[PDB]
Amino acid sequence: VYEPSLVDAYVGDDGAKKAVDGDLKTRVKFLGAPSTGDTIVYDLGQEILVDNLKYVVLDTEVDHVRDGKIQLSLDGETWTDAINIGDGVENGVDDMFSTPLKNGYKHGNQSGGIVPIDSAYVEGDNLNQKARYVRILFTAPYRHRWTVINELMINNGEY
């Protein structure tokens, strides 16, 4: 069994381990704006029955995903939807300074104590998926912001 790690991304980053370190306060920035079809891909380090997936950022984070799918895979061949973000249509520049709450994210007080109150997240629940890899797939460009991840949280961080 191995620690999770980044295996592919559309752009360089300021420390990819920070997305999967189990610490909702540490965050990685991917240092560019996404285009349709771009991905960020992590190895989970072992096969896991994924019941719950959360993508967490701060509740004011402007570098949140606006249009994309967070997907799971067991084999690197089939990717299965877990979380849908946005409508798949490019947002305008008017959305550049929006918080994640403007784009359908939940606030931490909705999380039953799992996500801090000052943070926002999207979630897939009751997923019933076996997985070894997780990715963000961008379904539209957003030229005005980069991408930050505080955590891709698996099964609420349980053992």
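Heads up: residue numbers just count along the shown sequence, starting at 1.
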(request) Check the entry's C-alpha temperature factors for 44-52 and 61-69, then say which stretch has the higher mean. (result) 44-52
(message) Based on the deposited C-alpha B factors for this chain, I'd like to know if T39 is in the lowest, middle or highest third.
(response) lowest
(request) Tell me, lowest, middle or highest third: where does the Cα B factor of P100 rank within its chain? (result) lowest
(message) How does the C-alpha B factor of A16 compare with the rest of the chain: lowest, middle or highest third?
(response) middle
(request) Select lowest, middle or highest to describe the third in which the CA B-factor of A120 falls within its chain in this entry. (result) lowest
(request) For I154, return the chain-relative third of its C-alpha B-factor as stated in the PDB record: lowest, middle or highest. (result) highest
